[PDB]
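Read off the chains here:
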Amino acid sequence: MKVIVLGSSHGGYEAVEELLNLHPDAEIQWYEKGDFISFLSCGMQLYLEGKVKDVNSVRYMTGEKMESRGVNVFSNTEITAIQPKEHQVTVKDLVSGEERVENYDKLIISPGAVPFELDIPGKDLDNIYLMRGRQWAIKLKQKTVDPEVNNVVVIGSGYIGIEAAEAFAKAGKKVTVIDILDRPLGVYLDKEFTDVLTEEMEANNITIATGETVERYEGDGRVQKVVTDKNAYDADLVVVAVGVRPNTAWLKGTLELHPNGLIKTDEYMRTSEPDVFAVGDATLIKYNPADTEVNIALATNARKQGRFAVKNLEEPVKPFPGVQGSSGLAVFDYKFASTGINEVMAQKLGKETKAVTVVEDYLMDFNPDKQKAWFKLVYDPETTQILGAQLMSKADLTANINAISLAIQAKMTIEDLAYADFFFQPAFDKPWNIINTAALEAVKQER
Ligand SMILES: Cc1cc2nc3c(=O)[nH]c(=O)nc-3n(C[C@H](O)[C@H](O)[C@H](O)COP(=O)(O)OP(=O)(O)OC[C@H]3O[C@@H](n4cnc5c(N)ncnc54)[C@H](O)[C@@H]3O)c2cc1C
């Protein structure tokens, strides 16, 4: 049987991995529009910030290694169209320009996304960058050592915009983060966490310009000024980290798209077309916190979906278990993680929640290594079942969030987490740990 896999990023790659496990006898074709197989964009900041020196080491598979395993790898080859009834696709070698058609029995696509760009005047000036993949990683890195970047404005205050801000701020530059949102990281954290992160960012000389609409880019030849509705900001570099467009317009009319380009798929990753499967940033995923489907553009998601697309190749047997949308990141000295519903996700779903925050030393009083840790536990007002949590400390407590991910999944309640057995040892935590204490507080709040 022959199986074509589009994309060598997370969903693409994991579909050929599981093809090699469940279907090791199938003719597999792995296509990649670009020159490099499997770059880890999620490694960009360690490279940018200097901890990883070789940008080609920031990857997790090579074409060659897959070819060692029987996989037909065509990089620099772009699938230009899918003909689903005809069971064929059209590909175009981008280095020679040759067009060709390939037949498939099953096709699995993970075309992913592309940075959203602001269609504002000046949008064509030099030095207005994006942050995704290897060429942007290299170009961005050279700017961190350029003697002429003095001020850089990153537009967008989410995971990526803050990673960029931190990288160029540590690089020695003057960074300003501009965004219409009024809190940095609001998609990930609630106000009681992002105020601490705004002060930590500001101490590292970043200006957080929230509540501002970027109007226009000004400059002569190369960008010189980013001007917003309430201010004009100097800029020798702009990094645009505002959103991701689905890379699906080429599928308009071939497969069924959601009003925002996202490919419609079911629990077994099937598209509206027979024998075409779609996975990764360009799809929705089962969000178990509120029993719904939501787009959560994360590595972890595309990888589990890439594997499930393969499991359901012949027949719909393993429905996707769903995810909670867990994330973790360190912003200068603070390491935070969160999973499930927070203020913004609850607003976006129109889901009413109740919650508590406990900010205290996560180690007992007598232990000299004690530090504040912040934990917020969000639950359902009627069932008190766990809907999400956020934690943050200069001590890395991030692994605690995986527990919360499984409690939400398992529909546990604040009473369950209140007396859940979590180990205590005084060099490691307090007798009722971080999770038990917030839940004990929620219980008390619901007495
Ligand atoms: C800066 C950055 C940091 C991130 N950090 C994290 C993190 O730390 N943790 C985490 O969970 N996630 C992180 N993510 C999100 C994560 O990287 C994405 O969710 C992940 O890339 C999965 O995307 P995907 O496999 O659907 O495809 P994408 O990553 O969008 O890539 C799709 C691939 O398919 C190729 N392709 C597309 N169309 C064609 C075509 N027609 N023919 C042939 N090839 C084609 C593209 O060139 C590309 O190589 C981050 C993303 C970025 C940009």
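Quick notes on the rules
As drawn, each chain counts its residues from 1 in written sequence order, possibly unlike the entry's numbers, and residues without coordinates are not displayed. To get the side-chain values, take all heavy atoms of the structure and skip hydrogens and water. UniProt positions are given in the numbering used here, feature names are shortened, and annotations may be inferred rather than shown by experiment. Between any two strands, at least two bridges found by DSSP are needed for them to pair. Every helix listed is a DSSP run of H or I at least four residues long, and every strand listed is a run of E at least two residues long, numbered separately from the N terminus. Axis lines are fitted through C-alpha atoms, for helices just across the contact stretch, and the angle between N-to-C directions can take any value from 0 to 180 degrees. Given a helix with a known number of residues, its expected span is that number minus one, times 1.5 Å. By the convention used here, residues are in contact when the closest approach between their heavy atoms is within 4.5 Å. To qualify as a nonpolar core, a set must consist of buried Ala, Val, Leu, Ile, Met, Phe, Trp, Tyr and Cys residues joined through side-chain atoms within 4.5 Å. Each residue is assigned to one of three classes by its accessible area relative to the maximum for its type, calculated with a 1.4 Å probe on protein chains only: buried under 20%, partly exposed between the two thresholds, exposed over 50%. Pairing of aromatic rings covers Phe, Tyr and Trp, the last counted by its six-membered ring, and requires centre-to-centre distances within 6.5 Å; plane angles under 30 degrees mean stacked, over 60 mean edge-to-face, and any other angle means tilted.

Method of determination for the deposited model, per the PDB record: X-ray crystallography, at 2.8 Å resolution.

The PDB entry lists the protein under the name NADH PEROXIDASE, from Enterococcus faecalis. Entered under Catalytic activity in the UniProt record, the comment concerning the protein runs "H2O2 + NADH + H(+) = NAD(+) + 2 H2O". Listed under Subunit in UniProt, the entry text for the protein is "Homotetramer."

Caption draft 1: Structural view of the sheet that holds strand β2 (residues 27-31). On the basis of which strands lie adjacent, the open sheet formed by five strands has the order β3-β2-β1-β7-β18 and parallel pairing. A single partner strand is all that each edge strand has here, and the edge strands are β3 (71-74) and β18 (276-278). Averaged over all adjacent pairs, the angle separating strand axes in this sheet is 15°, with direction ignored. For β2 and β3, the ladder comprises four bridges, and the chain directions are parallel. Looking at β3, one finds that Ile-28 is bridged to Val-71.

Caption draft 2: The arrangement of helix α11 (residues 434-445) in detail. The end-to-end C-alpha distance of α11 is 17 Å, a good match for the 16 Å that 12 residues give at a rise of 1.5 Å each. Contact partners of the buried residues in α11: β23 (354-361), β24 (372-379), α9 (400-409) and α10 (414-418).

Caption draft 3: The nonpolar core, seen in detail. Ranked by size, the top nonpolar core spans 39 residues in total, and within it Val-175, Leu-197, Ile-206 and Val-331 carry the most contacts. Once you skip the residues sitting within four places of it in the chain, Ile-206 turns out to touch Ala-165, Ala-169, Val-175, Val-177, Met-201 and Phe-332. In terms of nonpolar packing, the next biggest core, distinct from the first, is built from 36 residues, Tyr-13, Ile-108, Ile-285 and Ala-346 among them.

Caption draft 4: A look at the packing of aromatic side chains. This model, assessed by the stated rule, comprises 10 aromatic pairs. When the centroid spacing of 5.0 Å and the interplanar angle of 70° are considered together, the rings of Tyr-13 and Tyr-60 count as edge-to-face. Linking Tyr-13 in helix α1 (residues 10-22) with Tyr-60 in the loop between α2 (44-48) and α3 (63-68), this pair joins segments that are 47 residues apart in sequence. The pair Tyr-13 / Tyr-60 is uniform in exposure class, with both members buried. Measuring from centroid to centroid gives 5.6 Å for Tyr-419 and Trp-432, while their planes differ by 75°, and the two rings are edge-to-face. Of this pair, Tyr-419 sits in the loop between α10 and α11 while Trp-432 is found in the loop between α10 and α11, placing the two residues 13 residues apart along the sequence. Put simply, the rings of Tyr-13, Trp-30 and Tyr-60 pair up and form one aromatic cluster.

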